[PDB]
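What follows is a short report on a single structure.
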Amino acid sequence: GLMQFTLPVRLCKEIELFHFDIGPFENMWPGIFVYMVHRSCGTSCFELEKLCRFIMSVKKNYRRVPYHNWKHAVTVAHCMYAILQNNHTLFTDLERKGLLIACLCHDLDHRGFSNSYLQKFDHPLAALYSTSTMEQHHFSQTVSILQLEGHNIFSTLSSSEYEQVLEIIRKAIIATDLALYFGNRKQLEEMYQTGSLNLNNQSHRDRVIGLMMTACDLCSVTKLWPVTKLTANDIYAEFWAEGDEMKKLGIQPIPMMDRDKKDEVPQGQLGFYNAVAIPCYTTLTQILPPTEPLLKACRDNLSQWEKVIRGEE
Ligand SMILES: COc1c(C)cnc(CSc2nc3ccc4ncccc4c3[nH]2)c1C
Ligand SMILES: [Mg+2]
Ligand SMILES: [Zn+2]
């Protein structure tokens, strides 16, 4: 009960900032997550014995893929922590409990392949879940881990609070399907501009939570330039392995996944920042003004990718 996690001074300070990198020491990541839960939620939100056993089971069910790994889970959870901390009063006790857990779990048992590759391969998951294939799997795996003996971190919630939190996590994880982001943001953009956006409207909260999940999932583009650049190597390492597997099925991959078209990475990063990243953090900043540092970091990284093209790096 009286057992806090404490971090070294530099981590204690930097963890509060949006651009924090969780570092290369894997054994510290569980403590960093527990720390974020305690400060975001309370030392009482979860039984520490059960949380610690949940965290270690979730870690075990992430695979050794270049990008969609345990480090990504904790990175995405930290970005959600930074959003929740800078927006204290806008979120309920259940939402703060649910969203950190959702982020940690959002990519459980990822194999390093897109929903498209699963469909073209005719993977069994593509028969079980026709849309948002991996995201439905990620939620399935989250529920399975919650049902292991001694892993139910939500046991002290009423039957209805339990159903509400599982429904927050499910929508949260489905929302990380980027195919769903474009529509969700257009709708949020229209509602904000015509003044109809209402945070007591549950269907509106869902949309806002969806956008927070996309913002946290993409937070690679909001770090300091060297973190951003080095994470892009991991992202492409997965994409180019998928492109290799497309070629093996006799299908030309899209250029993003073709290692033969490495040279076009800088131009492709420009399209992505302009088409996805900047619009994402712009709509989020309009809805939650204290998330502006993410939009500012994202614009800085757009400018760095423009310098790569112009041969200055
Ligand atoms: C996970 O989301 C991302 C993040 C965070 C960062 N960077 C990316 C990659 S964006 C991207 N879009 C394109 C389009 C064409 C390309 N042609 C050749 C080489 C790279 C390309 C590319 N990269 C994603 C998808
Ligand atoms: Mg995912
Ligand atoms: Zn993710």
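Labels for the structure tokens follow display order: chains A, B, ..., residues from 1 in each chain, ligands from 1.
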Show which residues sit within 12 Å of residue 252 in chain A, as a list in words. Count only C-alpha atoms, and ignore same-chain residues fewer than 4 positions away.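 The residues satisfying every condition are residues 117, 120, 240, 242, 243, 244, 245, 246, 247, 248, 256, 257, 258, 259, 260 and 261 of chain A.
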Serialized selection, N, CA and C atoms, as a CSV table (one decimal), in the first residue's frame:
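Written file, again_10.csv:
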chain,number,residue,atom,x,y,z
A,117,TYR,N,-1.5,-8.3,-45.5
A,117,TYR,CA,-0.7,-9.5,-45.7
A,117,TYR,C,-1.4,-10.7,-45.2
A,120,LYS,N,-4.1,-11.6,-47.9
A,120,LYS,CA,-3.5,-12.2,-49.1
A,120,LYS,C,-2.9,-13.6,-48.8
A,240,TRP,N,9.7,-4.1,-44.8
A,240,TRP,CA,10.5,-4.7,-45.9
A,240,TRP,C,10.5,-6.2,-45.8
A,242,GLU,N,7.8,-7.8,-44.7
A,242,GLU,CA,6.4,-8.1,-45.2
A,242,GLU,C,6.5,-8.0,-46.7
A,243,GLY,N,7.2,-7.1,-47.3
A,243,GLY,CA,7.3,-6.9,-48.8
A,243,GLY,C,8.0,-8.1,-49.4
A,244,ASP,N,9.0,-8.6,-48.7
A,244,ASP,CA,9.7,-9.9,-49.1
A,244,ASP,C,8.6,-11.0,-49.1
A,245,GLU,N,7.8,-11.1,-48.2
A,245,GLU,CA,6.8,-12.2,-48.1
A,245,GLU,C,5.7,-12.0,-49.1
A,246,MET,N,5.3,-10.8,-49.5
A,246,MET,CA,4.4,-10.5,-50.6
A,246,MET,C,5.1,-11.1,-51.9
A,247,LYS,N,6.4,-10.8,-52.2
A,247,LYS,CA,7.1,-11.3,-53.4
A,247,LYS,C,7.0,-12.8,-53.4
A,248,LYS,N,7.1,-13.4,-52.3
A,248,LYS,CA,7.0,-14.9,-52.2
A,248,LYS,C,5.7,-15.5,-52.6
A,256,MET,N,6.3,1.3,-50.1
A,256,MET,CA,6.6,1.5,-48.7
A,256,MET,C,7.2,0.2,-48.1
A,257,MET,N,6.9,-1.0,-48.7
A,257,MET,CA,7.3,-2.3,-48.1
A,257,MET,C,8.4,-3.0,-49.0
A,258,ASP,N,8.8,-2.3,-50.1
A,258,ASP,CA,9.7,-2.9,-51.1
A,258,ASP,C,11.1,-2.3,-50.7
A,259,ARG,N,12.0,-3.2,-50.2
A,259,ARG,CA,13.4,-2.7,-49.8
A,259,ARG,C,14.1,-2.2,-51.1
A,260,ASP,N,13.7,-2.6,-52.3
A,260,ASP,CA,14.4,-2.1,-53.5
A,260,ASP,C,14.1,-0.6,-53.7
A,261,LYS,N,13.1,0.0,-53.0
A,261,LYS,CA,12.7,1.4,-53.1
A,261,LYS,C,13.0,2.2,-51.8
Who sits within 12 Å of residue 6 in chain A, only C-alpha atoms, same chain under 2 positions skipped, as a count of residues only: 18
Residue with smallest distance to ligand 1 - pool A:100, A:166, A:157, A:76, counting only C-alpha atoms and all ligand atoms: A:76
For residue 153 in chain A, work out the shell of residues within 8 Å, counting only C-alpha atoms and skipping chain neighbours fewer than 4 positions away, then give it as JSON, numbers by chain. {"A": [46, 47, 50, 51, 54, 146]}
Restricting it to N, CA and C atoms, dump the selection as a CSV table (one decimal), in the first residue's frame.
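New file out-v5.csv:
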chain,number,residue,atom,x,y,z
A,46,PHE,N,-5.1,-0.6,-8.6
A,46,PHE,CA,-4.8,-2.0,-8.9
A,46,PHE,C,-4.1,-2.6,-7.7
A,47,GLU,N,-4.3,-3.9,-7.5
A,47,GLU,CA,-3.5,-4.7,-6.5
A,47,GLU,C,-2.1,-4.9,-7.2
A,50,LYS,N,-1.2,-8.4,-8.5
A,50,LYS,CA,-2.0,-8.7,-9.7
A,50,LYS,C,-1.5,-7.9,-10.9
A,51,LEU,N,-1.2,-6.6,-10.7
A,51,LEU,CA,-0.7,-5.7,-11.8
A,51,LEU,C,0.6,-6.2,-12.4
A,54,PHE,N,0.1,-9.3,-14.3
A,54,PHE,CA,-0.6,-8.8,-15.6
A,54,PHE,C,0.5,-8.3,-16.6
A,146,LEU,N,-6.4,-11.4,-19.0
A,146,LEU,CA,-7.2,-10.9,-17.9
A,146,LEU,C,-7.9,-12.1,-17.1
Using only C-alpha atoms and all ligand atoms, determine which residues fall within 8 Å of ligand 2, then list them as a ChimeraX atom specification. /A:68,106-107,110,134-135,138,173,176-177,217
Hey, can you spit out that residue selection with C-alpha atoms as a PDB file, in the first residue's frame?
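Result went into result05.pdb, see below:
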ATOM      1  CA  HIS A  68       5.603  -4.105 -32.886  1.00  0.00           C
ATOM      2  CA  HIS A 106      -2.934  -2.614 -28.106  1.00  0.00           C
ATOM      3  CA  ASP A 107      -0.466  -4.747 -30.196  1.00  0.00           C
ATOM      4  CA  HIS A 110       1.684  -8.937 -33.308  1.00  0.00           C
ATOM      5  CA  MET A 134      -4.928  -7.948 -35.879  1.00  0.00           C
ATOM      6  CA  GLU A 135      -6.766  -5.345 -33.710  1.00  0.00           C
ATOM      7  CA  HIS A 138      -5.040  -7.871 -29.842  1.00  0.00           C
ATOM      8  CA  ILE A 173      -7.630  -1.152 -29.442  1.00  0.00           C
ATOM      9  CA  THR A 176      -5.445   1.654 -33.523  1.00  0.00           C
ATOM     10  CA  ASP A 177      -6.473   0.184 -36.959  1.00  0.00           C
ATOM     11  CA  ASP A 217       0.372   4.777 -31.551  1.00  0.00           C
TER      12      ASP A 217
END
Report the closest atom pair, with its distance in Å rounded to one decimal, for each residue of chain A that has an atom no farther than 10 Å from ligand 1; count only C-alpha atoms and all ligand atoms, sort by chain and then rising residue number, and write it as CSV.
residue,atom,partner,partner_atom_place_in_ligand_line,distance
A:67,CA,ligand 1,1 (C),8.8
A:68,CA,ligand 1,1 (C),9.1
A:178,CA,ligand 1,2 (O),8.6
A:214,CA,ligand 1,2 (O),9.6
A:215,CA,ligand 1,5 (C),9.7
A:216,CA,ligand 1,5 (C),9.9
A:217,CA,ligand 1,1 (C),7.4
A:218,CA,ligand 1,5 (C),4.5
A:219,CA,ligand 1,5 (C),6.8
A:220,CA,ligand 1,5 (C),5.3
A:221,CA,ligand 1,5 (C),5.8
A:222,CA,ligand 1,5 (C),9.2
A:228,CA,ligand 1,6 (C),8.2
A:229,CA,ligand 1,6 (C),9.1
A:231,CA,ligand 1,6 (C),7.9
A:232,CA,ligand 1,6 (C),5.8
A:233,CA,ligand 1,7 (N),9.1
A:234,CA,ligand 1,6 (C),9.5
A:235,CA,ligand 1,1 (C),6.5
A:236,CA,ligand 1,9 (C),7.1
A:239,CA,ligand 1,25 (C),8.5
A:240,CA,ligand 1,19 (C),9.5
A:254,CA,ligand 1,15 (C),7.4
A:255,CA,ligand 1,17 (N),4.3
A:256,CA,ligand 1,21 (C),3.6
A:257,CA,ligand 1,19 (C),7.0
A:258,CA,ligand 1,18 (C),7.1
A:259,CA,ligand 1,19 (C),7.8
A:260,CA,ligand 1,18 (C),8.6
A:261,CA,ligand 1,18 (C),5.2
A:262,CA,ligand 1,19 (C),5.2
A:263,CA,ligand 1,19 (C),6.7
A:264,CA,ligand 1,18 (C),4.2
A:265,CA,ligand 1,19 (C),3.6
A:266,CA,ligand 1,20 (C),7.0
A:267,CA,ligand 1,21 (C),6.9
A:268,CA,ligand 1,22 (C),3.5
A:269,CA,ligand 1,10 (S),4.8
A:270,CA,ligand 1,12 (N),7.8
A:271,CA,ligand 1,12 (N),6.2
A:272,CA,ligand 1,10 (S),4.8
A:273,CA,ligand 1,10 (S),7.8
A:275,CA,ligand 1,12 (N),9.4
A:276,CA,ligand 1,2 (O),8.9
A:277,CA,ligand 1,5 (C),8.1
Smallest atom-to-atom distance to ligand 3: which of A:103, A:211, A:55, A:165, using only C-alpha atoms and all ligand atoms?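 For ligand 3, the nearest of the given residues is A:103.
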Using Å and a single decimal, report how far CA of residue 300 in chain A sits from CA of residue 284 in chain A.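 Atom-to-atom, CA of residue 284 in chain A to CA of residue 300 in chain A, that is 17.1 Å.
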Please, what distance in Å, to one decimal, runs between CA of residue 73 in chain A and CA of residue 140 in chain A? 16.3 Å
Using only C-alpha atoms, the shortest atom-to-atom distance to residue 193 in chain A among A:283, A:62, A:91, A:85 belongs to A:283
Residue neighbourhood residue 187 in chain A, 12 Å, only C-alpha atoms, exclusion window fewer than 3 positions, as JSON, numbers by chain: {"A": [180, 181, 182, 183, 184, 190, 191, 192, 193, 194, 196, 197, 203, 204, 206, 207, 208, 210, 211, 283]}
Can you spit out the residues from that selection as a CSV table (one decimal), in the first residue's frame, using N, CA and C atoms?
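The result, written out as result.csv:
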chain,number,residue,atom,x,y,z
A,180,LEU,N,-9.2,2.9,-39.9
A,180,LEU,CA,-10.3,3.6,-39.3
A,180,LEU,C,-10.0,5.1,-38.9
A,181,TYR,N,-8.8,5.5,-38.8
A,181,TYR,CA,-8.3,6.8,-38.3
A,181,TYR,C,-8.9,7.9,-39.2
A,182,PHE,N,-8.8,7.8,-40.5
A,182,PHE,CA,-9.1,8.8,-41.5
A,182,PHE,C,-10.6,9.3,-41.4
A,183,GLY,N,-11.5,8.4,-41.4
A,183,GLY,CA,-12.9,8.7,-41.2
A,183,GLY,C,-13.1,9.3,-39.8
A,184,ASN,N,-12.5,8.7,-38.8
A,184,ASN,CA,-12.7,9.1,-37.4
A,184,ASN,C,-12.3,10.6,-37.3
A,190,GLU,N,-15.2,17.9,-38.5
A,190,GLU,CA,-16.5,18.5,-38.8
A,190,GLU,C,-17.2,19.0,-37.5
A,191,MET,N,-17.2,18.1,-36.5
A,191,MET,CA,-17.9,18.4,-35.2
A,191,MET,C,-17.2,19.6,-34.5
A,192,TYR,N,-15.9,19.7,-34.6
A,192,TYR,CA,-15.2,20.8,-33.9
A,192,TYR,C,-15.5,22.2,-34.6
A,193,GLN,N,-15.5,22.1,-35.9
A,193,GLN,CA,-15.7,23.3,-36.8
A,193,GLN,C,-17.1,23.8,-36.8
A,194,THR,N,-18.1,22.9,-36.7
A,194,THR,CA,-19.6,23.3,-36.7
A,194,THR,C,-20.0,23.5,-35.2
A,196,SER,N,-20.5,21.4,-32.8
A,196,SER,CA,-21.4,20.3,-32.3
A,196,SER,C,-20.6,19.3,-31.4
A,197,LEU,N,-19.3,19.4,-31.3
A,197,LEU,CA,-18.5,18.5,-30.5
A,197,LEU,C,-18.9,18.6,-29.0
A,203,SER,N,-20.8,8.8,-27.7
A,203,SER,CA,-20.3,8.5,-29.1
A,203,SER,C,-19.2,9.5,-29.5
A,204,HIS,N,-19.2,10.7,-28.9
A,204,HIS,CA,-18.2,11.8,-29.2
A,204,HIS,C,-16.9,11.5,-28.4
A,206,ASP,N,-15.9,8.5,-27.4
A,206,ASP,CA,-15.3,7.3,-28.1
A,206,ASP,C,-14.4,7.9,-29.3
A,207,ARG,N,-14.9,8.9,-30.0
A,207,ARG,CA,-14.2,9.4,-31.2
A,207,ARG,C,-12.9,10.0,-30.7
A,208,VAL,N,-13.0,10.8,-29.7
A,208,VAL,CA,-11.8,11.5,-29.1
A,208,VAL,C,-10.8,10.5,-28.5
A,210,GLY,N,-10.5,7.5,-29.6
A,210,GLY,CA,-9.9,6.9,-30.8
A,210,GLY,C,-8.7,7.7,-31.3
A,211,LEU,N,-8.9,9.0,-31.4
A,211,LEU,CA,-7.8,9.9,-31.9
A,211,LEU,C,-6.6,9.9,-31.0
A,283,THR,N,-5.9,18.0,-35.1
A,283,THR,CA,-7.2,17.8,-34.6
A,283,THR,C,-7.2,17.5,-33.1
Which residue, A:112, A:195, A:293, A:66, has the smallest gap to residue 19 in chain A when you use only C-alpha atoms?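 Of all the options, A:293 lies closest to residue 19 in chain A.
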Per-residue DSSP, range 29-76 of chain A, filtered to helix (DSSP H, G or I), as an NGL selection string: :A and (29-40 or 48-60 or 70-76)
